[PDB]
Amino acid sequence: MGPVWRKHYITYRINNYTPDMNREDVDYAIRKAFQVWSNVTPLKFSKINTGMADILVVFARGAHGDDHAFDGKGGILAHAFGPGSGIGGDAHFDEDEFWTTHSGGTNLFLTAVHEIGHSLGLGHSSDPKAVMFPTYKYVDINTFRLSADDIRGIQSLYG
Ligand SMILES: COc1ccc(-c2ccc(S(=O)(=O)c3ccccc3[C@H](CCC(=O)O)C(=O)O)cc2)cc1
Ligand SMILES: [Ca+2]
Ligand SMILES: [Ca+2]
Ligand SMILES: [Ca+2]
Ligand SMILES: [Zn+2]
Ligand SMILES: [Zn+2]
């Protein structure tokens, strides 16, 4: 068990917004993605608009100031750092993707659920039904649900 947040109230901040989507749909997708994990743990997530948040959400392209460049359209979608100070927790989404609320392009909500998993300390699962499986695939977002493996993983860290 590597790093974990040692506190229940976690803050996030949207550094910048992708032009691919309506602003309120970015807010909603990110908020919903946090709720997925707060529904199975004692963690509480609050959006802040100024100051240092635990989890900074960034849309960036190519080389963006960390040692982990993005690759243009396709390939890598996003990445996140495990719990820690500074860049720890932060979630970066490749702006060269086309982010959406639906099945077109790459679904922001689903990607965010996977990346926040990493921000909370989760690795990857070998279970293709898990949100933490290392392969993106679209599933109807209105019906989405964590797998038993994802729940066991997060509860092993927090509950
Ligand atoms: C079920 O919903 C899901 C949604 C998204 C994903 C998902 C799958 C792949 C990526 S990915 O970006 O194609 C990817 C691919 C291979 C290894 C690692 C990754 C990234 C990290 C990329 C980096 O180091 O810069 C990751 O796992 O977070 C991102 C997100 C998986 C499942
Ligand atoms: Ca951080
Ligand atoms: Ca890419
Ligand atoms: Ca884009
Ligand atoms: Zn990055
Ligand atoms: Zn991953």
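Take 1357 as the starting number for the sequence shown in this note's numbering and just add one per residue. From the three backbone atoms N, C-alpha and C, an ideal C-beta is built for every residue, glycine too.
Asked	Found
With distances taken from CA atoms, which of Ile1510, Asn1371, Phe1465, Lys1485 is nearest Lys1388?	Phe1465
Does the Cβ-Cβ distance between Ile1411 and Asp1450 come in under 8 Å?	no
Bridge partners of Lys1400, per DSSP?	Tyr1365
Once you ignore the five residues that flank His1474 on each side, which residues in its own chain have a CB closer than 7 Å to its CB?	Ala1436, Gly1438
Only counting runs of 3 or more residues, tell me where the beta strand (DSSP E) segments fall wholly within the region 1423-1453, in order along the chain.	1434-1436, 1447-1450
Just checking, does the region 1366-1379 make contact with the region 1390-1408 on the three C-beta pairs under 8 Å criterion?	yes
Can you tell which of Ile1443, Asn1463, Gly1477, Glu1471 has its C-alpha closest to the C-alpha of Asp1422?	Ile1443
So, with DSSP's three-state summary, where would you put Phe1415?	strand
What residue range is occupied by the uninterrupted alpha helix (DSSP H) comprising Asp1496?	Taken as a continuous stretch (DSSP letters only), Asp1496 belongs to no alpha helix (DSSP H), as it is neither H nor E.
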